[PDB]
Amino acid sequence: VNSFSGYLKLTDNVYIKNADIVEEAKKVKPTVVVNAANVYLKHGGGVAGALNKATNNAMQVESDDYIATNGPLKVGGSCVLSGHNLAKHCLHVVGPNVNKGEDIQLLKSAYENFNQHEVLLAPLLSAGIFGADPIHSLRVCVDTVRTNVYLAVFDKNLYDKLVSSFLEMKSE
């Protein structure tokens, strides 16, 4: 388990790879895979839909059960559910949907959830459907997370731009 390979080390605890998070999860067998969720755990597009499809929809049936028992999450919050065939656990984290004007400062609260886990495979929270700048999401990740985070960025052009922007920001 946790057989991460081919990552670029950005900090002593943050690693980044140009890869699809589902294919990584099947390669790596992580203890925790992170899902970029909404508060109802309705897995639409993005990482949530990719993860859910790879579980043959088991993720969504789990999520419906969870919500029926517990109610929706709060923005910036999380819950640990099963990782099904992809990981031991899936950490569902809700970033702010800036497209809806939710507080971007909740992106820090969202990444803080990662600090409850030794090692995790994760996407860049709020950087897709939720409209945050991916460079910002990387910045908050690096500044907030102290545990070992392996970031999967599937789009090569975004990956190249994120690395370039990280170098500029680190050197100042």
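Position 1 is the first residue in the sequence shown; the rest follow in order.
Once the C-alpha B-factors are averaged per stretch, 99-107 and 33-41 rank with 99-107 first. Ranked against the other modelled residues of its chain, the C-alpha B-factor of residue 117 as given in the entry falls in the lowest third. Ranked against the other modelled residues of its chain, the C-alpha B-factor of residue 55 as given in the entry falls in the middle third. Residue 25: CA B factor lies in the highest third for its chain, per the PDB record. Remark: residue 137 belongs to the lowest third of its chain, ranked by C-alpha B-factor as recorded.
Sort the modelled residues of the chain by CA B factor and residue 93 lands in the lowest third.
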